[PDB]
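Okay, structure first, notes after.
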There are 4 protein chains.
Amino acid sequence: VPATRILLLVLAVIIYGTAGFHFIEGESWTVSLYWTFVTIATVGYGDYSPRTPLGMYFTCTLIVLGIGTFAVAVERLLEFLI
Amino acid sequence: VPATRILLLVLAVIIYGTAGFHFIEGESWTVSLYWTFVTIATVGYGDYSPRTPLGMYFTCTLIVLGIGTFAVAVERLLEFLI
Amino acid sequence: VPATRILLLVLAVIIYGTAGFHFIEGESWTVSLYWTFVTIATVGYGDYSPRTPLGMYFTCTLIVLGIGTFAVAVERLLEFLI
Amino acid sequence: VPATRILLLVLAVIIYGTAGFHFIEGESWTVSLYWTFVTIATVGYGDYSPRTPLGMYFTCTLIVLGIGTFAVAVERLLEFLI
Ligand SMILES: [K+]
Ligand SMILES: [K+]
Ligand SMILES: [K+]
Ligand SMILES: [K+]
Ligand SMILES: [K+]
């Protein structure tokens with residue numbers, strides 16, 4: 001699968017996660033972007049996390065849609081850097 | 001291994017984790033489902049975590065049974081979405 | 001690599017992590033075992049974490065020695081269960 | 001890719017993450033090294049995490065540059081130990 005397509009897919013995940021956290025959980029755009037990376041990378045510091053049932057359901061969807069996409073993106077980036 | 005079988009396996013893990021956390025640690029069904037996804041995806045925010053020895057042992061079993069199952073499920077989903 | 005050998009390797013990691021956390025950080029044997037699984041699986045709730053410089057260095061060694069070993073163990077277990 | 005080259009790459013990531021956290025977030029060199037391992041391994045305890053917008057952006061860059069590099073390093077180490 002072309003590297004650039006994987007890039008677009010991970011960008012779409014990032015937009016989805018950031019806007020979702022911002023609107024559902026009410027955190028700033030910057031915090032929401034940071035939380036999205038931390039979540040889809042599976043780092044999960046827990047400095048930010050959803051507090052609402054909708055936010056919890058949303059987070060599960062982001063986990064399912066985002067962790068695999070991010071994993072493929074990082075491995076494709078590895079190839080270009082290495 | 002057929003994608004639908006992997007789906008059933010991950011659903012079984014989700015049921016096991018959710019019911020276990022709910023009954024052992026006493027959190028709501030929704031929180032317990034959320035905690036199960038967060039745990040088997042290895043995100044591990046730590047907003048919820050077991051506080052009892054039984055809950056700790058149970059969590060180790062969920063980790064062993066669930067992380068691999070979830071990993072295979074997400075990669076199979078990737079194929080269908082990509 | 002034989003599945004049983006991978007089993008022994010992950011058990012050795014578990015012993016190393018549990019005894020190390022118990023003696024360096026002073027937590028109970030049960031908490032230390034739980035923390036070891038949570039760490040080598042990369043779940044990392046953060047309900048327990050090292051507070052001392054020695055504990056921090058030790059945790060880095062466990063991360064390096066344990067995450068790969070655990071990953072191989074879970075995938076080998078997948079095969080037997082599936 | 002030669003194992004020793006992967007070693008140098010992961011060391012470079014470790015230096016980048018440690019110095020960055022130390023200077024941006026103001027934590028000690030030891031805490032910063034520990035946080036770097038915890039982050040690139042995706043353990044993410046959350047005992048330490050960035051509190052500033054710059055630190056958040058920096059952490060996202062470390063996540064992208066470091067998680068894949070660390071993953072390849074651990075698997076290469078597995079081979080030598082096994
Ligand atoms: K984690
Ligand atoms: K955490
Ligand atoms: K993998
Ligand atoms: K993780
Ligand atoms: K975590």
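Residue numbers start from 1 in every chain, and the chains themselves are labelled A, B, ... in the order their sequence lines are given, proteins ahead of strands. First listed ligand is number 1; within each ligand, the first listed atom is number 1. These numbers come from the heavy atoms of this one structure, side chains and all, not from hydrogens, waters or symmetry mates.
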Below 6.0 angstrom between ring centroids: does that apply to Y16(D) and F58(D)?
-> yes

Opening angle at the K ion (ligand 4) [O, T42(B); OG1, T42(D); to 10 degrees] = 160°

If you stand at the K ion (ligand 2) and look out to O of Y45(A) and O of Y45(B), what angle do those two lines make, to 10°?
-> 70°

Looking at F23(D) versus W29(D), is the centre-to-centre ring distance below 6.0 Å?
-> yes

Residue pair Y57(D) / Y34(A), side-chain heavy-atom distance below 4.5 Å | no

Give the ring-plane orientation class for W35(B) versus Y45(C), where under 30° counts as parallel, over 60° as perpendicular and anything between as tilted.
-> parallel

Which angle, to 10 degrees, forms at the K ion (ligand 2) with O of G44(B) on one side and O of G44(D) on the other?
-> 110°

